[PDB]
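Protein chains in written order, with PDB author numbering: chain 4, 235 to 285, 292 to 469, 504 to 593, 600 to 700; chain 7, 4 to 30, 59 to 154, 189 to 728. Cβ atoms here follow ideal geometry from the backbone N, Cα and C, with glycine treated the same way. So the structure is just underneath, and the comments pick up after that.
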Ligand SMILES: Nc1ncnc2c1ncn2[C@@H]1O[C@H](COP(=O)(O)OP(=O)(O)OP(=O)(O)O)[C@@H](O)[C@H]1O
Ligand SMILES: Nc1ncnc2c1ncn2[C@@H]1O[C@H](COP(=O)(O)OP(=O)(O)O)[C@@H](O)[C@H]1O
Ligand SMILES: [Mg+2]
Ligand SMILES: [Zn+2]
Ligand SMILES: [Zn+2]
């Protein structure tokens with residue numbers, strides 16, 4: 235009734251049956267053949283159960305087995321476990337662009353403009369030495385066409401072990417990963433995932449000019465499974515409560531004692547104002563910016579962390601924050617990277633230790649609040665970027681205490697206009 | 004062509020003697064029969080041969096006039112050939128399995144059984194033995210007392226240094242000693258490589274021992290040997306045999322290097338079940354075979370006779386020491402019973418840490434309370450509390466605070482010493498930067514040196530630049546390190562105690578306002594620390610006399626003096642600190658009023674902080690948190706699961722004495 239093509243399959247339920255545990259063990263030994271015959275069986279089972293036959297002949301069927309065995313780490317991988325199913329947990333380090341993979345060749349007899357399709361296997365292609373048309377039958381008239389073939393999307397993922405496997409301050413190890421089709425782009429940088437797949441080994445070409453091969457084989461894992469690590507009616511019931519303001523203000527900071535007014539202000543600025551861009555006058559700022567000052571005995575960083583994690587979008591930084605052209609590390613190319621302030625579009629940008637802000641970056645803030653659009657002109661790139669972000673900062677007075685007699689300006693050491 | 008020479012060595016009699024020894028040896060019956068039987072039942076995975084057994088067997092059989100030659104000498108002069116002879120002899124006399132076997136799991140044997148049921152059904190290839198072998202052959206060096214048992218100089222052993230090995234030792238069996246610095250990962254290596262033949266009968270096999278391998282192009286299958294090809298041969302990963310491979314290097318010790326020289330290195334290869342038996346940073350003595358390696362891998366067409374050399378591991382003694390993770394044993398149980406019978410212990414432990422430095426009992430007591438840790442493992446709702454204590458030591462140069470720091474670092478297994486620059490790969494960066502030969506750029510991002518449950522010790526805490534100071538500001542109060550450079554966010558969960566030793570930049574105390582000296586560091590960092598202790602050098606006759614007498618008595622004996630009286634020993638307290646951390650007492654409620662009134666009187670003191678000239682008595686809730694943590698530690702170090710008011714009193718006295726040194 236859905237039209238999709240996807241099956242989930244747990245091993246423990248597969249293990250609960252006495253005949254199936256034999257199939258369990260045989261799946262452990264021979265993954266590829268078992269998976270292929272299982273997919274063929276499901277392809278037959280669809281038709282066996284529907285007894292529209294038109295949507296079936298277009299789609300394929302695949303399984304996604306999981307929980308076959310306990311998760312193993314890169315620190316214990318014997319060569320005895322080659323071509324067997326294992327489960328891994330780890331953190332994604334880096335991804336790669338989609339790699340086209342040859343599946344069907346397309347040749348053409350240039351003399352007679354005749355084309356034929358040739359299948360391949362194991363990557364190696366058996367080139368035909370003569371055109372099939374015996375009317376011409378020339379041997380050297382066959383030429384490959386690159387852009388009229390069929391391809392598959394291969395992608396390589398780099399994975400690192402979880403830090404819990406290193407008890408004595410050793411360094412983590414990295415294992416390469418491979419994915420196909422629906423598994424492409426399913427993980428990004430910093431993602432914590434668990435995968436299920438078979439093990440593999442491959443020879444190294446060494447010198448590309450000759451046919452010499454190294455005595456050591458590189459190891460990589462091919463996977464078939466990944467996992468990560504009407505409510506509006508309830509809103510209006512709460513929205514009709516008279517004292518919702520006080521409860522909502524006090525809910526943000528459960529451990530903070532008193533300080534009710536600042537909590538109300540922070541909640542209200544989290545709510546945010548309106549934004550309008552009428553043509554004849556120009557846009558008006560809708561962001562709210564708040565500054566906190568006091569001696570370092572107020573737990574004012576706890577409120578910063580509270581607002582950072584509560585808000586949908588927001589970056590928590592300290593005293600670089602904007603876009604700058606960078607030289608890519610692993611690949612020798614030039615990439616434009618956006619800063620922390622740009623990343624907080626529509627959210628709350630949290631700044632800690634605002635006094636030690638240097639001098640070059642402060643003017644940047646003087647540019648980002650009054651116009652909410654930062655421009656850059658470096659390396660031949662001239663452009664303007666939108667920020668539209670809210671600022672919430674904390675500052676400390678100069679000295680062990682803030683003397684009430686002295687006015688605020690001297691103690692914080694900030695420019696009068698920026699405070700204004 | 005090749006001229007011939009005569010040698011006094013003939014291998015037939017040696018092989019016969021090997022078989023006779025392996026069959027007849029009596030040390059249960061024959062040991063060498065029982066171990067082979069266990070190998071047959073798929074129980075053992077490696078074979079170790081003791082040369083002392085062969086030596087003693089030959090010595091005791093020489094009493095009858097039958098033996099003519101010696102075999103251990105030939106083993107010393109050549110090893111790999113005897114390894115081949117031993118594996119042939121073992122495969123010749125392999126016993127029958129006396130136990131049941133889970134025969135279905137052996138995929139290699141199932142594949143070979145299928146191949147046989149194909150080939151011999153039509154009436189078959191003699192598979193090489195190394196493909197069918199499952200065990201590994203290892204050797205064990207002799208013992209010097211065994212050599213002393215007889216007149217002969219069958220010594221070997223003698224763990225030569227890296228530089229003491231010269232060119233004429235190639236091919237023999239030698240023992241090296243040193244420190245392991247680099248250990249590579251585990252990577253599978255081929256031993257027998259098999260090709261599938263595309264249903265063309267038998268699957269051709271190939272064997273390579275060199276580090277460079279070349280594949281096949283055409284096969285000897287009879288229908289493939291026909292005048293036209295039948296399928297292209299392909300390498301099959303399932304049928305071939307593999308072996309774990311690992312390589313490391315070893316450094317010479319600082320003792321053995323002659324003056325004015327730079328220590329050398331030596332590569333080492335390990336294969337089989339001995340993989341992962343060594344770790345970086347330990348003293349070992351490896352026994353193995355010293356073998357040459359061709360220089361043709363570099364492919365420069367130079368060095369016509371120059372070649373590289375490496376060692377092949379056979380047997381390793383880990384040596385060094387073992388922390389053992391305070392694994393419970395009877396002996397240490399009676400040891401802790403003795404400690405319990407010893408009564409009050411903390412003063413003795415303080416006395417027993419550094420007898421070389423005289424006096425200074427407060428700092429030793431503070432170090433002892435630091436070694437246990439404060440209250441930890443969170444509170445309700447998830448609020449963060451850190452059990453590590455952050456104490457800083459203030460004093461003028463020439464007070465041996467650096468010596469005490471070295472002592473506490475040595476006695477604490479987790480201690481680490483750092484300083485401002487001098488080495489760059491110690492702060493704000495990990496030790497795996499640009500390390501691999503591929504320059505894979507392995508990195509965690511923002512991390513420190515063993516910051517998890519570590520004891521960071523720093524001398525000249527005013528010296529380091531802005532980077533390390535910002536790192537400390539990031540580590541304040543178990544805060545995670547979240548510095549990113551290339552999209553990485555692998556934060557290191559920093560939970561460490563901070564040990565800081567520094568001096569005012571004037572190098573001496575002053576009669577004027579004391580915060581003017583402080584640490585010449587921001588006051589925010591100063592307020593973070595739990596205990597500030599000042600060591601001021603006051604010229605006094607009755608104290609400097611005792612200090613001088615103690616130091617000169619230490620010097621006179623060229624050893625630790627008997628003037629000290631410590632019933633406890635450094636290893637004794639090393640065990641007891643883990644024992645006391647294991648007990649882990651929890652808090653009690655009846656002290657809340659006492660600590661609240663103590664905090665009230667501390668705020669009363671803060672009412673007089675403007676009296677100045679020792680203005681360090683400022684107001685901070687972290688003072689209350691620190692006094693709670695110190696009371697918890699004063700319940701942890703010696704007491705059972707109970708927190709006493711006397712602990713709070715002792716913590717208060719410690720704080721008062723720490724402030725008292727200001728004057
Ligand atoms: N009380 C003491 N008992 C024994 N030796 C002492 C004592 N005080 C200082 N020393 C001697 O001081 C030397 C080490 O102290 P050191 O000068 O390193 O201290 P420091 O205060 O950390 O100074 P610096 O920063 O200049 O190194 C040793 O030779 C040690 O014998
Ligand atoms: N009213 C309070 N309630 C709870 N904790 C507090 C309170 N005041 C201070 N603290 C504690 O004291 C610390 C104050 O540090 P803080 O001033 O936030 O450092 P920073 O210099 O980064 O602002 C906090 O970590 C908090 O645990
Ligand atoms: Mg010093
Ligand atoms: Zn043609
Ligand atoms: Zn063939």
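Under the three-state DSSP convention, the category residue i falls into
i	result
residue 89 (chain 7)	helix
residue 274 (chain 7)	coil
residue 603 (chain 4)	coil
residue 721 (chain 7)	helix
residue 261 (chain 7)	strand
residue 360 (chain 4)	coil
residue 147 (chain 7)	helix
Proximity test, Cβ basis, 8 Å: residue i and chain 4
i	result
residue 307 (chain 7)	yes
residue 683 (chain 7)	yes
residue 299 (chain 7)	yes
residue 515 (chain 7)	yes
residue 552 (chain 7)	yes
residue 179 (chain 7)	Between 154 and 189 the numbering of chain 7 has a gap, and residue 179 (chain 7) falls inside it, with no coordinates.
Residue i, enclosing beta strand (DSSP E) - first and last residue
i	result
residue 658 (chain 4)	653-658
residue 524 (chain 7)	517-524
residue 745 (chain 7)	With chain 7 represented from 4 up to 728, any question about residue 745 (chain 7) goes unanswered, as that position is not in the structure.
residue 204 (chain 7)	202-205
Interface flag, residue i vs chain 7, CB-CB below 8 Å
i	result
residue 263 (chain 4)	yes
residue 642 (chain 4)	no
residue 612 (chain 4)	no
residue 457 (chain 4)	yes
residue 429 (chain 4)	yes
residue 411 (chain 4)	yes
residue 379 (chain 4)	no
Bounding residues of the alpha helix (DSSP H) (the contiguous stretch that carries residue i)
i	result
residue 263 (chain 4)	252-263
residue 518 (chain 4)	518-526
residue 440 (chain 4)	Run containing residue 440 (chain 4): none in the alpha helix (DSSP H); it sits in the beta strand (DSSP E), 432-442.
residue 691 (chain 7)	686-701
residue 396 (chain 7)	395-406
Any non-hydrogen atom of ligand 3 closer than 7 Å to residue i Cβ
i	result
residue 462 (chain 7)	yes
residue 472 (chain 7)	no
residue 55 (chain 7)	Position 30 is followed directly by 59 in chain 7, which means residue 55 (chain 7) is not present among the coordinates.
Near ligand 2: residue i beta-carbon under 7 Å from a heavy atom
i	result
residue 674 (chain 4)	yes
residue 579 (chain 4)	no
Heavy atom of ligand 5 within 7 Å of residue i beta-carbon
i	result
residue 140 (chain 7)	no
residue 286 (chain 7)	yes
Any non-hydrogen atom of ligand 4 within 7 Å of residue i CB
i	result
residue 351 (chain 4)	yes
residue 378 (chain 4)	yes
residue 390 (chain 4)	no
residue 371 (chain 4)	yes
heavy atom of ligand 1 below 7 Å from residue i C-beta
i	result
residue 421 (chain 7)	yes
residue 467 (chain 7)	yes
residue 524 (chain 7)	yes
Residue i CB to nearest heavy atom of ligand 6 below 7 Å
i	result
residue 543 (chain 7)	In terms of ligand content, the structure shown lacks ligand 6 and carries ligand 1, ligand 2, ligand 3, ligand 4 and ligand 5 instead.
Inter-stretch contact at 8 Å, needing at least 3 Cβ pairs: the stretch 102-112 of chain 7 / the stretch 82-94 of chain 7: Contact between the stretch 102-112 of chain 7 and the stretch 82-94 of chain 7 is present: three or more C-beta pairs spanning the two stretches fall below 8 Å.
For the 8 Å Cβ check, are there 3 or more pairs between the stretch 306-318 of chain 7 and the stretch 264-276 of chain 7? Short answer: they don't touch.
Using 8 Å as the threshold, is the stretch 228-244 of chain 7 in touch with the stretch 298-312 of chain 7, meaning 3 or more CB pairs across them? No, because fewer than three Cβ pairs between the stretch 228-244 of chain 7 and the stretch 298-312 of chain 7 fall closer than 8 Å, the two stretches do not touch.
Within the chosen definition, does the stretch 451-467 of chain 4 reach the stretch 422-439 of chain 4 through at least 3 CB pairs nearer than 8 Å? With three or more CB-CB distances shorter than 8 Å, the stretch 451-467 of chain 4 counts as touching the stretch 422-439 of chain 4.
Within 8 Å, do at least three Cβ pairs link the stretch 277-290 of chain 7 to the stretch 236-253 of chain 7? With fewer than three CB-CB distances shorter than 8 Å, the stretch 236-253 of chain 7 does not count as touching the stretch 277-290 of chain 7.
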